[PDB]
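For reference, the structure is listed below as structure tokens.
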2 protein chains.
Amino acid sequence: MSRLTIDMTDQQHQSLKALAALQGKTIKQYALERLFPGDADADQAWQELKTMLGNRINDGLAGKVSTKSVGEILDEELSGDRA
Amino acid sequence: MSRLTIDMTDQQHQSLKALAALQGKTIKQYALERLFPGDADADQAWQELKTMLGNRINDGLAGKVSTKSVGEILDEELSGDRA
């Protein structure tokens with residue numbers, strides 16, 4: 001486990017420490033990713049452009065259903081298709 | 001002293017850890033500021049300021065065949081992509 005110890009100022013530590021919890025996690029993760037923050041944009045559009053889950057609730061629940069529709073999408077819009 | 005301990009993965013920690021020394025300091029400084037980064041000018045300004053006059057191009061190459069993904073020669077009719 002590559003654990004690094006970083007020295008910070010009591011005042012600043014509250015800025016990042018609080019932010020970590022504010023985001024919904026612990027600095028141990030938040031600060032960690034901050035050192036390696038890439039671009040989630042590229043992994044956002046394609047996240048649905050190739051496989052859109054939608055915004056509906058469950059309807060059966062049984063492991064995983066092989067969607068016959070989703071998977072084959074083409075140019076037409078940026079946000080929608082199946083709402 | 002507000003010193004925070006963080007757990008990172010061997011391979012990844014080397015990416016940021018090494019960058020610290022590569023820049024001319026210890027990750028305890030480099031990674032530290034990375035947690036408190038706030039700028040939107042140099043991010044785009046320096047992103048292109050170096051895109052022109054690089055630092056290490058090596059007289060070896062010349063024809064270019066994709067490998068570095070960074071570095072171009074101005075004053076020359078080329079295709080799009082990088083414009």
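In the structure tokens, chains take letters A, B, ... by order of appearance, with residues numbered from 1 within each chain and ligands from 1 in the order shown.
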Put chain A on top of chain B with a least-squares fit on all C-alpha atoms, paired in order, and send it back as a short mmCIF file (atom, residue, chain, number, x, y, z; two decimals) with N, CA, C and O atoms, in the first residue's frame.
```cif
data_model
loop_
_atom_site.label_atom_id
_atom_site.label_comp_id
_atom_site.auth_asym_id
_atom_site.auth_seq_id
_atom_site.Cartn_x
_atom_site.Cartn_y
_atom_site.Cartn_z
N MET A 1 12.78 26.11 2.72
CA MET A 1 11.90 25.03 2.20
C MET A 1 10.66 24.87 3.07
O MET A 1 10.74 24.42 4.22
N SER A 2 9.51 25.24 2.52
CA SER A 2 8.24 25.14 3.24
C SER A 2 7.74 23.70 3.27
O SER A 2 6.90 23.32 2.46
N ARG A 3 8.27 22.91 4.19
CA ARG A 3 7.88 21.52 4.33
C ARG A 3 6.78 21.37 5.37
O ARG A 3 6.95 21.76 6.52
N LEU A 4 5.65 20.80 4.96
CA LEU A 4 4.53 20.62 5.87
C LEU A 4 4.35 19.15 6.23
O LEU A 4 4.45 18.27 5.38
N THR A 5 4.06 18.89 7.50
CA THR A 5 3.83 17.53 7.96
C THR A 5 2.34 17.31 8.13
O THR A 5 1.67 18.01 8.89
N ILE A 6 1.80 16.34 7.39
CA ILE A 6 0.38 16.05 7.45
C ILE A 6 0.12 14.69 8.07
O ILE A 6 0.83 13.72 7.78
N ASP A 7 -0.90 14.61 8.92
CA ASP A 7 -1.24 13.35 9.57
C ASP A 7 -2.36 12.66 8.82
O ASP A 7 -3.42 13.23 8.57
N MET A 8 -2.11 11.41 8.43
CA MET A 8 -3.08 10.63 7.68
C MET A 8 -3.30 9.27 8.32
O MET A 8 -2.49 8.81 9.13
N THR A 9 -4.40 8.61 7.95
CA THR A 9 -4.71 7.30 8.48
C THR A 9 -3.97 6.22 7.69
O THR A 9 -3.89 6.28 6.47
N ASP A 10 -3.41 5.25 8.41
CA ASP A 10 -2.65 4.17 7.79
C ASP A 10 -3.34 3.60 6.55
O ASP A 10 -2.69 3.31 5.55
N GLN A 11 -4.66 3.43 6.63
CA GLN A 11 -5.41 2.88 5.51
C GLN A 11 -5.47 3.84 4.32
O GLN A 11 -5.20 3.46 3.19
N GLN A 12 -5.83 5.09 4.59
CA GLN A 12 -5.93 6.10 3.54
C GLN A 12 -4.57 6.41 2.92
O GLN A 12 -4.46 6.57 1.70
N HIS A 13 -3.54 6.50 3.75
CA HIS A 13 -2.20 6.81 3.28
C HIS A 13 -1.78 5.88 2.15
O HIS A 13 -1.02 6.26 1.27
N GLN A 14 -2.28 4.65 2.17
CA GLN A 14 -1.96 3.67 1.15
C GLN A 14 -2.66 4.02 -0.15
O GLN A 14 -2.17 3.72 -1.24
N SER A 15 -3.81 4.67 -0.04
CA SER A 15 -4.58 5.07 -1.20
C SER A 15 -3.86 6.17 -1.96
O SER A 15 -3.69 6.09 -3.18
N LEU A 16 -3.43 7.20 -1.24
CA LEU A 16 -2.73 8.32 -1.85
C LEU A 16 -1.25 8.01 -2.08
O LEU A 16 -0.68 8.40 -3.10
N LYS A 17 -0.63 7.30 -1.13
CA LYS A 17 0.78 6.95 -1.27
C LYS A 17 0.98 6.09 -2.52
O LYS A 17 1.85 6.36 -3.35
N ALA A 18 0.16 5.05 -2.64
CA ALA A 18 0.23 4.16 -3.79
C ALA A 18 -0.08 4.91 -5.08
O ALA A 18 0.58 4.71 -6.10
N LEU A 19 -1.08 5.79 -5.03
CA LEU A 19 -1.47 6.58 -6.19
C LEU A 19 -0.31 7.42 -6.69
O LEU A 19 -0.09 7.53 -7.90
N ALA A 20 0.44 8.02 -5.77
CA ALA A 20 1.58 8.84 -6.14
C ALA A 20 2.57 8.04 -6.98
O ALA A 20 3.02 8.50 -8.03
N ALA A 21 2.88 6.83 -6.52
CA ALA A 21 3.79 5.95 -7.22
C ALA A 21 3.13 5.41 -8.48
O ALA A 21 3.80 5.17 -9.49
N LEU A 22 1.82 5.21 -8.42
CA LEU A 22 1.07 4.70 -9.55
C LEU A 22 1.13 5.68 -10.72
O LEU A 22 1.31 5.29 -11.87
N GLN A 23 0.97 6.96 -10.41
CA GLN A 23 1.01 8.01 -11.42
C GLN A 23 2.39 8.09 -12.07
O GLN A 23 2.52 8.51 -13.22
N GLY A 24 3.42 7.69 -11.33
CA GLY A 24 4.77 7.72 -11.85
C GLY A 24 5.67 8.67 -11.09
O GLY A 24 6.62 9.23 -11.64
N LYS A 25 5.38 8.85 -9.80
CA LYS A 25 6.17 9.74 -8.96
C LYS A 25 5.96 9.42 -7.48
O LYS A 25 5.26 8.47 -7.14
N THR A 26 6.57 10.21 -6.61
CA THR A 26 6.43 10.00 -5.17
C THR A 26 5.38 10.95 -4.60
O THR A 26 5.26 12.09 -5.06
N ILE A 27 4.64 10.48 -3.60
CA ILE A 27 3.60 11.31 -2.97
C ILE A 27 4.15 12.70 -2.66
O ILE A 27 3.43 13.70 -2.76
N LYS A 28 5.42 12.77 -2.30
CA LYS A 28 6.07 14.05 -2.00
C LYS A 28 5.77 15.07 -3.10
O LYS A 28 5.77 16.27 -2.86
N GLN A 29 5.50 14.56 -4.30
CA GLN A 29 5.18 15.40 -5.44
C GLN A 29 3.70 15.31 -5.78
O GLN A 29 3.03 16.32 -5.98
N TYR A 30 3.21 14.08 -5.87
CA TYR A 30 1.83 13.82 -6.21
C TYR A 30 0.85 14.46 -5.23
O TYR A 30 -0.06 15.19 -5.63
N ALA A 31 1.06 14.22 -3.94
CA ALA A 31 0.19 14.80 -2.92
C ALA A 31 0.37 16.30 -2.88
O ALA A 31 -0.57 17.05 -2.64
N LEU A 32 1.60 16.72 -3.12
CA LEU A 32 1.93 18.13 -3.12
C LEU A 32 1.12 18.89 -4.16
O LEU A 32 0.49 19.90 -3.86
N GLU A 33 1.14 18.38 -5.39
CA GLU A 33 0.40 19.01 -6.48
C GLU A 33 -1.10 18.89 -6.28
O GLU A 33 -1.87 19.74 -6.74
N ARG A 34 -1.51 17.85 -5.57
CA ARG A 34 -2.93 17.62 -5.31
C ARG A 34 -3.52 18.78 -4.51
O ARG A 34 -4.71 19.08 -4.62
N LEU A 35 -2.68 19.44 -3.71
CA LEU A 35 -3.11 20.58 -2.92
C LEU A 35 -3.23 21.81 -3.80
O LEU A 35 -3.97 22.74 -3.49
N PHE A 36 -2.48 21.81 -4.91
CA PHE A 36 -2.49 22.92 -5.84
C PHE A 36 -2.72 22.44 -7.28
O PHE A 36 -1.94 22.75 -8.18
N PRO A 37 -3.81 21.68 -7.52
CA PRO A 37 -4.12 21.16 -8.85
C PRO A 37 -4.98 22.13 -9.66
O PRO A 37 -6.18 22.25 -9.42
N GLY A 38 -4.36 22.81 -10.62
CA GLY A 38 -5.09 23.75 -11.45
C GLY A 38 -5.72 23.10 -12.66
O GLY A 38 -6.07 21.92 -12.63
N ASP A 39 -5.86 23.86 -13.74
CA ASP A 39 -6.46 23.35 -14.97
C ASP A 39 -5.43 23.28 -16.09
O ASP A 39 -5.05 24.30 -16.66
N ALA A 40 -4.97 22.07 -16.39
CA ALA A 40 -3.99 21.86 -17.44
C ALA A 40 -4.62 21.90 -18.83
O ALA A 40 -3.93 21.76 -19.84
N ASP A 41 -5.94 22.09 -18.88
CA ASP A 41 -6.65 22.14 -20.16
C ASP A 41 -6.26 23.38 -20.95
O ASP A 41 -5.94 23.29 -22.14
N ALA A 42 -6.29 24.54 -20.30
CA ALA A 42 -5.94 25.79 -20.94
C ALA A 42 -4.51 25.76 -21.48
O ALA A 42 -4.21 26.37 -22.50
N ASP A 43 -3.64 25.04 -20.78
CA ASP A 43 -2.24 24.93 -21.18
C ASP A 43 -2.01 23.68 -22.02
O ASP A 43 -0.88 23.19 -22.11
N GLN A 44 -3.07 23.16 -22.64
CA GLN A 44 -2.96 21.97 -23.47
C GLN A 44 -3.22 22.30 -24.93
O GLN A 44 -2.40 22.00 -25.80
N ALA A 45 -4.37 22.91 -25.20
CA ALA A 45 -4.74 23.28 -26.56
C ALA A 45 -3.74 24.25 -27.16
O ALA A 45 -3.28 24.08 -28.29
N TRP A 46 -3.40 25.29 -26.40
CA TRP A 46 -2.45 26.30 -26.85
C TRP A 46 -1.04 25.74 -26.94
O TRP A 46 -0.18 26.29 -27.62
N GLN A 47 -0.80 24.63 -26.24
CA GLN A 47 0.52 24.00 -26.24
C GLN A 47 0.93 23.59 -27.65
O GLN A 47 2.12 23.52 -27.96
N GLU A 48 -0.06 23.33 -28.49
CA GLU A 48 0.20 22.93 -29.87
C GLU A 48 -0.44 23.90 -30.86
O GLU A 48 0.02 24.04 -32.00
N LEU A 49 -1.50 24.58 -30.43
CA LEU A 49 -2.19 25.54 -31.28
C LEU A 49 -1.24 26.66 -31.70
O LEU A 49 -1.37 27.24 -32.78
N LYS A 50 -0.28 26.97 -30.83
CA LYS A 50 0.70 28.01 -31.10
C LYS A 50 2.04 27.40 -31.47
O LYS A 50 2.83 28.01 -32.20
N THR A 51 2.30 26.20 -30.97
CA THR A 51 3.55 25.51 -31.25
C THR A 51 3.37 23.99 -31.15
O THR A 51 3.46 23.42 -30.07
N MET A 52 3.12 23.35 -32.29
CA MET A 52 2.93 21.91 -32.33
C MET A 52 4.24 21.20 -32.67
O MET A 52 4.83 21.44 -33.72
N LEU A 53 4.68 20.32 -31.78
CA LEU A 53 5.92 19.58 -31.98
C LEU A 53 5.70 18.40 -32.92
O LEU A 53 6.60 18.00 -33.66
N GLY A 54 4.49 17.84 -32.88
CA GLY A 54 4.17 16.71 -33.73
C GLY A 54 4.25 15.39 -33.00
O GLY A 54 3.97 15.32 -31.80
N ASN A 55 4.63 14.33 -33.71
CA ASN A 55 4.74 13.00 -33.11
C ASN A 55 5.78 12.16 -33.85
O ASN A 55 5.65 10.94 -33.94
N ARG A 56 6.80 12.83 -34.37
CA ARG A 56 7.87 12.14 -35.09
C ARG A 56 9.13 12.05 -34.25
O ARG A 56 9.19 12.59 -33.14
N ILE A 57 10.14 11.36 -34.77
CA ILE A 57 11.41 11.20 -34.07
C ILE A 57 12.42 12.24 -34.52
O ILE A 57 12.17 13.02 -35.44
N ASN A 58 13.58 12.25 -33.86
CA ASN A 58 14.64 13.20 -34.19
C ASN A 58 15.10 13.01 -35.64
O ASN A 58 14.79 12.01 -36.27
N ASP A 59 15.84 13.99 -36.15
CA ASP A 59 16.35 13.94 -37.51
C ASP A 59 17.53 14.89 -37.69
O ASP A 59 17.46 15.84 -38.47
N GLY A 60 18.61 14.63 -36.96
CA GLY A 60 19.79 15.47 -37.06
C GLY A 60 20.43 15.72 -35.71
O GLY A 60 21.62 15.47 -35.53
N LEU A 61 19.64 16.21 -34.76
CA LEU A 61 20.13 16.49 -33.42
C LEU A 61 21.33 17.43 -33.45
O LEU A 61 22.43 17.04 -33.85
N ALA A 62 21.12 18.67 -33.02
CA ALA A 62 22.18 19.66 -33.00
C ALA A 62 21.78 20.88 -32.18
O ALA A 62 21.84 22.02 -32.66
N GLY A 63 21.36 20.65 -30.94
CA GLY A 63 20.95 21.74 -30.07
C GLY A 63 19.49 22.09 -30.23
O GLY A 63 18.63 21.53 -29.55
N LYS A 64 19.20 23.01 -31.14
CA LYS A 64 17.83 23.44 -31.39
C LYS A 64 17.70 24.09 -32.76
O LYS A 64 18.42 25.05 -33.07
N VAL A 65 16.80 23.57 -33.58
CA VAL A 65 16.58 24.10 -34.92
C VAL A 65 15.38 25.05 -34.95
O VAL A 65 14.27 24.68 -34.56
N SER A 66 15.61 26.28 -35.41
CA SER A 66 14.55 27.27 -35.48
C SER A 66 13.55 26.92 -36.58
O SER A 66 13.79 27.19 -37.76
N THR A 67 12.44 26.32 -36.18
CA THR A 67 11.40 25.93 -37.13
C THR A 67 10.85 27.14 -37.87
O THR A 67 10.47 28.14 -37.25
N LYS A 68 10.82 27.06 -39.19
CA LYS A 68 10.32 28.15 -40.02
C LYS A 68 8.82 28.01 -40.26
O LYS A 68 8.13 28.99 -40.56
N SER A 69 8.31 26.79 -40.14
CA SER A 69 6.89 26.52 -40.36
C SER A 69 6.09 26.75 -39.08
O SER A 69 5.35 27.73 -38.96
N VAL A 70 6.24 25.84 -38.12
CA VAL A 70 5.54 25.93 -36.85
C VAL A 70 5.61 27.34 -36.26
O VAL A 70 6.61 28.05 -36.42
N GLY A 71 4.54 27.75 -35.58
CA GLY A 71 4.50 29.07 -34.98
C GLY A 71 3.35 29.91 -35.50
O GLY A 71 2.77 30.71 -34.76
N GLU A 72 3.00 29.72 -36.77
CA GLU A 72 1.91 30.46 -37.38
C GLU A 72 0.77 29.53 -37.77
O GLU A 72 0.72 29.02 -38.90
N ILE A 73 -0.15 29.31 -36.84
CA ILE A 73 -1.30 28.44 -37.09
C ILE A 73 -2.61 29.19 -36.94
O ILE A 73 -2.70 30.14 -36.16
N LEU A 74 -3.62 28.77 -37.69
CA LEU A 74 -4.93 29.41 -37.64
C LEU A 74 -6.03 28.37 -37.45
O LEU A 74 -5.78 27.16 -37.48
N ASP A 75 -7.26 28.84 -37.25
CA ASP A 75 -8.40 27.95 -37.05
C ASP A 75 -8.60 27.06 -38.27
O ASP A 75 -8.52 27.51 -39.41
N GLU A 76 -8.87 25.78 -38.01
CA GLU A 76 -9.09 24.81 -39.09
C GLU A 76 -9.43 23.44 -38.53
O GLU A 76 -10.28 22.73 -39.07
N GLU A 77 -8.77 23.07 -37.43
CA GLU A 77 -9.00 21.78 -36.80
C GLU A 77 -8.62 21.83 -35.32
O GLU A 77 -8.16 22.85 -34.82
N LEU A 78 -8.82 20.71 -34.63
CA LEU A 78 -8.51 20.62 -33.21
C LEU A 78 -7.30 19.71 -32.98
O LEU A 78 -6.47 19.97 -32.11
N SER A 79 -7.22 18.65 -33.77
CA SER A 79 -6.12 17.70 -33.65
C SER A 79 -5.66 17.22 -35.02
O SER A 79 -6.33 16.39 -35.65
N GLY A 80 -4.53 17.73 -35.48
CA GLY A 80 -4.01 17.34 -36.78
C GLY A 80 -3.03 18.35 -37.34
O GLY A 80 -1.93 18.52 -36.81
N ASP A 81 -3.42 19.02 -38.43
CA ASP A 81 -2.57 20.01 -39.07
C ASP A 81 -1.36 19.34 -39.72
O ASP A 81 -1.25 19.29 -40.94
N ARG A 82 -0.46 18.82 -38.89
CA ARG A 82 0.73 18.14 -39.38
C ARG A 82 0.83 16.74 -38.79
O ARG A 82 1.91 16.16 -38.72
N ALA A 83 -0.31 16.19 -38.37
CA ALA A 83 -0.36 14.86 -37.79
C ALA A 83 0.58 14.74 -36.59
O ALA A 83 0.68 13.63 -36.02
#
```
Output as a ChimeraX atom specification all residues of region 31-71 of chain A that backbone DSSP marks as helix (DSSP H, G or I).
/A:31-35,42-49
Selection from above, N, CA and C atoms, as a compact mmCIF listing (two decimals), in the first residue's frame, can you write it?
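Final file, result33.txt:
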```
# COMPACT_ATOMS: atom_id res chain seq x y z
N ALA A 31 -8.79 13.87 -1.58
CA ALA A 31 -7.47 14.45 -1.80
C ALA A 31 -6.65 13.55 -2.69
N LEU A 32 -6.85 12.25 -2.51
CA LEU A 32 -6.14 11.26 -3.28
C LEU A 32 -6.40 11.43 -4.77
N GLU A 33 -7.68 11.51 -5.14
CA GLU A 33 -8.07 11.67 -6.53
C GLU A 33 -7.66 13.04 -7.06
N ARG A 34 -7.60 14.01 -6.16
CA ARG A 34 -7.22 15.37 -6.54
C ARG A 34 -5.82 15.40 -7.14
N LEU A 35 -4.98 14.46 -6.71
CA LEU A 35 -3.62 14.36 -7.22
C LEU A 35 -3.63 13.72 -8.60
N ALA A 42 -14.84 12.73 -21.33
CA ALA A 42 -14.74 11.71 -22.37
C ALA A 42 -15.48 10.44 -21.96
N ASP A 43 -15.49 10.15 -20.67
CA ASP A 43 -16.15 8.96 -20.15
C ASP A 43 -17.57 9.28 -19.68
N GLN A 44 -18.14 10.36 -20.21
CA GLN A 44 -19.49 10.76 -19.84
C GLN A 44 -20.44 10.62 -21.02
N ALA A 45 -20.09 11.25 -22.14
CA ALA A 45 -20.91 11.20 -23.34
C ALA A 45 -21.06 9.77 -23.85
N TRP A 46 -19.94 9.06 -23.93
CA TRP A 46 -19.93 7.68 -24.41
C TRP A 46 -20.59 6.75 -23.40
N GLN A 47 -20.69 7.19 -22.15
CA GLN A 47 -21.30 6.39 -21.10
C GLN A 47 -22.75 6.05 -21.44
N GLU A 48 -23.38 6.91 -22.22
CA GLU A 48 -24.77 6.71 -22.62
C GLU A 48 -24.90 6.63 -24.14
N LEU A 49 -23.97 7.25 -24.86
CA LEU A 49 -23.99 7.24 -26.31
C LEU A 49 -23.89 5.81 -26.84
```
Step one, run DSSP on the backbone; step two, keep only residues of chain A assigned to strand (DSSP E or B); then write them as an NGL selection string.
:A and (2-8)
Write a file of the just-selected residues containing C-alpha atoms, as a compact mmCIF listing (two decimals), in the first residue's frame.
```txt
# COMPACT_ATOMS: atom_id res chain seq x y z
CA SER A 2 1.63 3.20 -1.24
CA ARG A 3 0.57 5.49 1.61
CA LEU A 4 1.99 9.01 1.47
CA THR A 5 2.11 11.44 4.38
CA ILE A 6 1.56 15.06 3.40
CA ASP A 7 2.11 18.09 5.62
CA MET A 8 -0.56 20.78 5.46
```
